[PDB]
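**Student:** Below you'll find the structure I mean.
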6 protein chains.
Amino acid sequence: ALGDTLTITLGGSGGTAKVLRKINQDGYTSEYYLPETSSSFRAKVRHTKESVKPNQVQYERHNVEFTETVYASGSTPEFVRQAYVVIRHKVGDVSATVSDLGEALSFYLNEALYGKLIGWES
Amino acid sequence: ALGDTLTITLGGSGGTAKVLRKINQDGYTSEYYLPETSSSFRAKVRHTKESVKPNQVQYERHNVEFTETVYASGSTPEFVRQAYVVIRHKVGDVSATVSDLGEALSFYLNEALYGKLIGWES
Amino acid sequence: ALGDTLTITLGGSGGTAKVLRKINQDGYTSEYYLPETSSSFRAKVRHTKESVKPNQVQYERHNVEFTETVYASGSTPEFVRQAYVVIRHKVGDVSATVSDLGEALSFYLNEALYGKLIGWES
Amino acid sequence: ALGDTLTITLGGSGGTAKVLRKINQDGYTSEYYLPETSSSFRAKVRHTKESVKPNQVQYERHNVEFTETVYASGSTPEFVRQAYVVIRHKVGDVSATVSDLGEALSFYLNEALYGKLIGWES
Amino acid sequence: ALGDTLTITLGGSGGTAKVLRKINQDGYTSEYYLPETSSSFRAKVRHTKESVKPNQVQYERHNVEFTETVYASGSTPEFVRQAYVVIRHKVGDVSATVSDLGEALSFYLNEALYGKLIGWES
Amino acid sequence: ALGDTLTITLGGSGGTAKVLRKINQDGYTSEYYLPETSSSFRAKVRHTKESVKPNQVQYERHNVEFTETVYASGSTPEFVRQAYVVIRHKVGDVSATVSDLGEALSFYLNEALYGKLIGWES
Ligand SMILES: [Ca+2]
Ligand SMILES: [Ca+2]
Ligand SMILES: [Ca+2]
Ligand SMILES: [Ca+2]
Ligand SMILES: [Ca+2]
Ligand SMILES: [Ca+2]
Ligand SMILES: [Ca+2]
Ligand SMILES: [Ca+2]
């Protein structure tokens with residue numbers, strides 16, 4: 001599931017919604033896209049399953065990545081803005097529990113914080 | 001200068017705040033930690049300047065990572081639960097704009113979504 | 001993000017509907033298929049990004065292709081019937097505008113016109 | 001035997017008519033043209049007889065192509081917008097039948113659909 | 001186009017339906033998955049065209065596979081339960097006829113039979 | 001046990017019964033057979049026990065395979081129709097449980113489904 005469209009709401013809740021469309025899905029991956037004149041938005045979902053080691057816990061990775069590509073204009077070359085998260089847990093782990101850590105992160109990361117981060121505050 | 005402690009609120013704004021203590025800070029990097037009875041929590045905040053290459057844009061990268069370490073229990077080995085974010089932008093980009101993309105992601109990633117992700121939905 | 005099926009209405013609007021089933025989608029490419037007793041129908045959708053070159057505009061290609069395949073019948077060997085379209089525009093162009101040209105072509109190409117084409121009327 | 005003019009109605013039926021003038025016809029090929037202040041329109045019709053081979057069916061190609069060319073404007077260089085169709089069938093096939101497939105495609109390709117294609121929806 | 005979900009009804013038409021979600025589709029292949037508390041379920045549907053050899057019939061092969069993964073429990077390691085089918089026929093065979101053989105097999109394989117098989121009875 | 005004859009009921013329940021006779025049993029394998037003028041039917045049952053690995057779960061495989069061999073006639077060379085299933089579980093596994101997964105598969109695989117499969121629907 002997840003959806004046929006994916007909405008990136010810039011500025012968070014109540015911000016500017018950008019509705020991307022699913023345009024491709026290969027290798028446990030999805031790609032949503034929304035072209036515009038000045039830039040384009042792309043969102044990718046990826047799932048991985050680290051290989052089984054002889055004597056080790058086997059982990060799974062889930063990743064979501066937002067990317068705004070700003071096309072080159074004038075002297076200014078093309079560049080990008082990008083944000084993404086990764087969730088990693090062992091195979092049989094309790095979903096609810098794992099989800100809670102992700103929820104904790106989303107909660108932690110608000111506008112105020114992002115500000116400080118960009119300001120190199122550790 | 002994010003503070004001496006860092007609070008991880010499990011399950012989102014709901015509750016169960018784990019207040020980690022700062023335990024190290026080197027190279028624009030901080031680490032907080034909270035050892036508990038059957039698991040411990042650790043948070044890392046890092047800032048980086050991506051390798052400058054001749055003809056091309058230079059990016060900065062900011063990362064925040066939450067980690068829960070569940071100690072081994074009887075026959076069950078020790079394992080981890082981990083979630084992290086990475087914000088990447090060109091040097092000199094408009095921070096407010098950049099912040100909006102991160103804001104958009106945190107907003108997008110809620111309990112409902114993590115549920116789906118863990119289920120390998122794309 | 002096209003849909004589990006794709007209908008080919010032979011003879012255009014009000015004609016004979018042939019609803020094909022999506023059987024694959026990889027590399028920004030779809031494939032629908034409908035096998036029948038005497039022939040089979042197959043539709044493919046392909047998206048391309050033309051070779052980005054130094055001082056030139058970068059284009060994208062969008063192609064859709066219908067193909068009825070009539071199986072060999074006695075003396076008569078197997079053969080096909082194809083019809084496909086290609087839309088080409090530069091990255092960043094205005095969708096509405098581009099779409100209008102495609103609409104213009106679809107509109108232009110009616111039964112009467114196809115008749116002439118098959119008749120080699122140049 | 002096509003006619004002194006060819007009209008490209010942008011936006012399909014009821015849209016903006018651009019009546020091009022036939023300017024050449026050689027080798028089972030036509031060319032219409034309509035120059036304008038900011039862009040020019042050009043339509044071409046081509047008929048081909050594919051390479052006759054030993055033990056194989058022989059096909060014929062029929063192609064029609066619309067091309068708006070937007071002249072350079074200040075910083076903005078010159079670029080085009082193309083839409084073209086190709087019909088392919090074996091020699092001797094039943095015109096009516098072949099025509100039906102073309103009609104099916106024209107019918108299929110409407111504004112809504114072009115929108116999706118330009119959007120890379122596969 | 002089998003659908004977004006796939007239901008595995010444990011114990012036959014009796015009950016205990018596990019509704020798996022589609023999580024991937026590449027190369028005429030789909031994969032559904034349902035992670036649960038102490039085990040997870042996965043289904044795969046694949047289609048193949050067997051390697052064409054000079055003088056000889058060419059076959060198509062269809063496969064459906066159900067898999068239950070029981071996570072490790074204490075000292076007991078993780079293991080699997082798996083059942084799958086393969087239908088193989090010449091290209092262009094009469095599908096209805098082919099279907100009848102598969103139908104015959106599903107019919108033959110009931111609870112009573114599986115019981116015997118597991119007991120190594122021939 | 002299992003029987004001295006094995007009945008393949010084409011078209012599933014209520015279909016055309018073909019009663020094969022056990023003609024050979026070697027290596028934890030059985031072979032039933034029913035010759036006819038135009039074709040012949042063969043059913044094979046096979047049991048395997050994957051080798052004991054140092055640190056791994058040891059599995060057993062049970063396989064049943066139906067095969068109709070259609071003798072060559074005229075230009076048409078001899079070809080085959082074949083369907084088979086495989087059940088795989090660890091050695092000490094609970095039979096009833098395993099059986100239930102097999103039952104689930106047989107149940108899933110009905111005429112309707114086989115149709116779609118042959119049609120390459122994933
Ligand atoms: Ca903001
Ligand atoms: Ca795919
Ligand atoms: Ca929660
Ligand atoms: Ca320090
Ligand atoms: Ca018609
Ligand atoms: Ca329009
Ligand atoms: Ca049962
Ligand atoms: Ca039947």
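Residues in the structure tokens are named by chain (A, B, ... in the order shown) and by number from 1 within that chain; ligands are numbered from 1 in the order shown.
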Just the residues within 7 Å of residue C:8, please, counting only C-alpha atoms, with nothing from its chain fewer than 4 positions along; format it as a list in words.
**Tutor:**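 Those residues are residues 17, 18 and 19 of chain C; 104 of chain D.
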**Student:** Store the residues of this selection in a file with N, CA, C and O atoms, as a CSV table (one decimal), in the first residue's frame.
**Tutor:**
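Final file, again30.csv:
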```
chain,number,residue,atom,x,y,z
C,17,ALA,N,-14.2,-3.0,-26.5
C,17,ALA,CA,-13.2,-2.9,-25.4
C,17,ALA,C,-12.4,-4.2,-25.2
C,17,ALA,O,-13.0,-5.3,-25.2
C,18,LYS,N,-11.1,-4.1,-25.1
C,18,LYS,CA,-10.2,-5.2,-24.8
C,18,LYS,C,-9.5,-4.7,-23.6
C,18,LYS,O,-8.5,-3.9,-23.7
C,19,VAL,N,-9.9,-5.2,-22.4
C,19,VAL,CA,-9.2,-4.8,-21.2
C,19,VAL,C,-8.0,-5.7,-20.9
C,19,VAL,O,-8.2,-6.9,-20.6
D,104,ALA,N,-8.3,3.3,-31.7
D,104,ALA,CA,-8.3,2.9,-30.3
D,104,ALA,C,-7.2,3.7,-29.5
D,104,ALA,O,-7.5,4.1,-28.4
```
**Student:** Select from stretch 6-115 of chain E every residue with an atom at most 10 Å from any atom of stretch 29-50 of chain C, then for each give the shortest pair of atoms and their distance in Å to one decimal, using only C-alpha atoms, rows by chain and rising number, as CSV.
**Tutor:**
```
residue,atom,partner,partner_atom,distance
E:28,CA,C:31,CA,9.6
E:92,CA,C:37,CA,9.9
E:94,CA,C:37,CA,9.0
E:95,CA,C:37,CA,9.7
```
**Student:** Store the residues picked out above in a file with C-alpha atoms, as a compact mmCIF listing (two decimals), in the first residue's frame.
**Tutor:**
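The result, written out as part_25.txt:
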```
# COMPACT_ATOMS: atom_id res chain seq x y z
CA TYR E 28 6.79 -10.65 -14.10
CA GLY E 92 0.86 -21.95 -27.09
CA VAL E 94 -4.43 -24.88 -24.72
CA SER E 95 -4.64 -23.03 -21.42
```
**Student:** Taking only C-alpha atoms into account, find every residue of chain F that has an atom no more than 12 Å from chain A, and write it out as a list in words.
**Tutor:**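 That gives residues 54, 55 and 56 of chain F for chain F.
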**Student:** Would you list the residues that come within 9 Å of ligand 8? Count only C-alpha atoms and all ligand atoms and give the answer as a PyMOL selection string.
**Tutor:** (chain E and resi 96-104) or (chain F and resi 10-12+15+111-112)
**Student:** Take the residues from that selection and put them in a file with N, CA, C and O atoms, as a PDB file, in the first residue's frame.
**Tutor:**
```pdb
ATOM      1  N   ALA E  96      -6.915 -23.886 -21.119  1.00  0.00           N
ATOM      2  CA  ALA E  96      -7.979 -24.578 -20.395  1.00  0.00           C
ATOM      3  C   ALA E  96      -7.550 -25.987 -19.989  1.00  0.00           C
ATOM      4  O   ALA E  96      -7.817 -26.444 -18.872  1.00  0.00           O
ATOM      5  N   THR E  97      -6.889 -26.662 -20.924  1.00  0.00           N
ATOM      6  CA  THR E  97      -6.386 -28.016 -20.737  1.00  0.00           C
ATOM      7  C   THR E  97      -5.325 -28.032 -19.652  1.00  0.00           C
ATOM      8  O   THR E  97      -5.337 -28.868 -18.749  1.00  0.00           O
ATOM      9  N   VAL E  98      -4.389 -27.107 -19.779  1.00  0.00           N
ATOM     10  CA  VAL E  98      -3.318 -26.968 -18.816  1.00  0.00           C
ATOM     11  C   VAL E  98      -3.937 -26.709 -17.437  1.00  0.00           C
ATOM     12  O   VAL E  98      -3.625 -27.391 -16.462  1.00  0.00           O
ATOM     13  N   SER E  99      -4.831 -25.730 -17.368  1.00  0.00           N
ATOM     14  CA  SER E  99      -5.486 -25.395 -16.118  1.00  0.00           C
ATOM     15  C   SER E  99      -6.084 -26.637 -15.465  1.00  0.00           C
ATOM     16  O   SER E  99      -6.035 -26.786 -14.242  1.00  0.00           O
ATOM     17  N   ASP E 100      -6.640 -27.537 -16.275  1.00  0.00           N
ATOM     18  CA  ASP E 100      -7.255 -28.749 -15.737  1.00  0.00           C
ATOM     19  C   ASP E 100      -6.308 -29.648 -14.986  1.00  0.00           C
ATOM     20  O   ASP E 100      -6.707 -30.331 -14.047  1.00  0.00           O
ATOM     21  N   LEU E 101      -5.054 -29.668 -15.412  1.00  0.00           N
ATOM     22  CA  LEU E 101      -4.067 -30.490 -14.742  1.00  0.00           C
ATOM     23  C   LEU E 101      -3.735 -29.864 -13.383  1.00  0.00           C
ATOM     24  O   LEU E 101      -3.580 -30.579 -12.384  1.00  0.00           O
ATOM     25  N   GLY E 102      -3.624 -28.535 -13.343  1.00  0.00           N
ATOM     26  CA  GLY E 102      -3.336 -27.868 -12.086  1.00  0.00           C
ATOM     27  C   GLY E 102      -4.513 -28.089 -11.156  1.00  0.00           C
ATOM     28  O   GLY E 102      -4.353 -28.412  -9.977  1.00  0.00           O
ATOM     29  N   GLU E 103      -5.709 -27.918 -11.703  1.00  0.00           N
ATOM     30  CA  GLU E 103      -6.930 -28.122 -10.948  1.00  0.00           C
ATOM     31  C   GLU E 103      -6.923 -29.522 -10.328  1.00  0.00           C
ATOM     32  O   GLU E 103      -7.285 -29.704  -9.163  1.00  0.00           O
ATOM     33  N   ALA E 104      -6.507 -30.504 -11.124  1.00  0.00           N
ATOM     34  CA  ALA E 104      -6.460 -31.894 -10.684  1.00  0.00           C
ATOM     35  C   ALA E 104      -5.539 -32.081  -9.493  1.00  0.00           C
ATOM     36  O   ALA E 104      -5.842 -32.853  -8.576  1.00  0.00           O
TER      37      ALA E 104
ATOM     38  N   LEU F  10      -8.805 -34.747 -13.852  1.00  0.00           N
ATOM     39  CA  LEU F  10      -8.646 -33.560 -14.679  1.00  0.00           C
ATOM     40  C   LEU F  10      -9.811 -32.605 -14.525  1.00  0.00           C
ATOM     41  O   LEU F  10     -10.969 -33.015 -14.557  1.00  0.00           O
ATOM     42  N   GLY F  11      -9.499 -31.323 -14.367  1.00  0.00           N
ATOM     43  CA  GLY F  11     -10.547 -30.334 -14.199  1.00  0.00           C
ATOM     44  C   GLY F  11     -10.974 -30.267 -12.749  1.00  0.00           C
ATOM     45  O   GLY F  11     -11.983 -29.651 -12.410  1.00  0.00           O
ATOM     46  N   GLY F  12     -10.197 -30.915 -11.889  1.00  0.00           N
ATOM     47  CA  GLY F  12     -10.494 -30.910 -10.471  1.00  0.00           C
ATOM     48  C   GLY F  12     -11.680 -31.774 -10.105  1.00  0.00           C
ATOM     49  O   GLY F  12     -12.042 -32.687 -10.843  1.00  0.00           O
ATOM     50  N   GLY F  15     -14.262 -33.703 -12.275  1.00  0.00           N
ATOM     51  CA  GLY F  15     -13.697 -33.782 -13.609  1.00  0.00           C
ATOM     52  C   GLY F  15     -13.517 -35.210 -14.093  1.00  0.00           C
ATOM     53  O   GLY F  15     -14.173 -36.135 -13.610  1.00  0.00           O
ATOM     54  N   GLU F 111      -9.324 -23.006 -10.379  1.00  0.00           N
ATOM     55  CA  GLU F 111      -9.345 -22.794 -11.819  1.00  0.00           C
ATOM     56  C   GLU F 111      -9.113 -21.343 -12.191  1.00  0.00           C
ATOM     57  O   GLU F 111      -8.269 -21.038 -13.038  1.00  0.00           O
ATOM     58  N   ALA F 112      -9.876 -20.456 -11.558  1.00  0.00           N
ATOM     59  CA  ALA F 112      -9.781 -19.022 -11.809  1.00  0.00           C
ATOM     60  C   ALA F 112      -8.351 -18.527 -11.731  1.00  0.00           C
ATOM     61  O   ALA F 112      -7.862 -17.822 -12.623  1.00  0.00           O
TER      62      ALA F 112
END
```
**Student:** When DSSP works through the backbone of this structure, what residues of chain B end up as strand (DSSP E or B), shown as a PyMOL selection string?
**Tutor:** chain B and resi 5-9+17-25+29-35+39-49+59-70+73+76+79-90
**Student:** Counting only C-alpha atoms and all ligand atoms, what residues are within 7 Å of ligand 2, given as JSON, numbers by chain?
**Tutor:** {"A": [24, 25, 26, 27], "C": [24, 25, 26], "E": [24, 25, 26, 27]}
**Student:** Would you kindly return, as a list in words, each protein, DNA or RNA residue with an atom no farther than 9 Å from any atom of residue E:79, considering only C-alpha atoms and excluding same-chain residues fewer than 2 positions away?
**Tutor:**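 Returned residues: residues 68, 69, 70, 71, 72, 76, 77 and 81 of chain E; 57, 89 and 90 of chain F.
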**Student:** Between atom CA of residue F:85 and atom CA of residue F:64, what is the distance, to one decimal in Å?
**Tutor:**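 Value for the atom CA of residue F:85-atom CA of residue F:64 distance: 5.5 Å.
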**Student:** What is the distance, in Å and to one decimal place, between atom CA of residue A:67 and atom CA of residue A:83?
**Tutor:**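 We find that atom CA of residue A:67 and atom CA of residue A:83 lie 6.6 Å from each other.
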**Student:** Atom CA of residue B:22 and atom CA of residue B:59 are how many Å apart?
**Tutor:**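 About the pair atom CA of residue B:22 and atom CA of residue B:59: they are 27.4 Å apart.
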**Student:** Considering only helix (DSSP H, G or I) as DSSP defines it on the backbone, what residues of chain C qualify? List them as a PyMOL selection string.
**Tutor:** chain C and resi 95-108+111-118
**Student:** Return the single residue from B:87, B:6, B:52, B:23 that is closest to ligand 4, with distances computed using only C-alpha atoms and all ligand atoms.
**Tutor:**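 Residue with the minimum atom-to-atom distance to ligand 4: B:23.
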**Student:** Mind checking which residues fall within 9 Å of residue D:1, counting only C-alpha atoms, ignoring those fewer than 6 positions away in the same chain, and posting them as JSON, numbers by chain?
**Tutor:** {"C": [116, 120, 121, 122]}
**Student:** Let's have the selection written as a short mmCIF file (atom, residue, chain, number, x, y, z; two decimals), in the first residue's frame, with C-alpha atoms.
**Tutor:**
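The file below, again.cif, is the result:
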```
data_model
loop_
_atom_site.label_atom_id
_atom_site.label_comp_id
_atom_site.auth_asym_id
_atom_site.auth_seq_id
_atom_site.Cartn_x
_atom_site.Cartn_y
_atom_site.Cartn_z
CA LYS C 116 -5.89 7.80 -45.80
CA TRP C 120 -0.34 5.97 -48.48
CA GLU C 121 -1.96 9.34 -49.02
CA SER C 122 0.85 11.74 -48.32
#
```
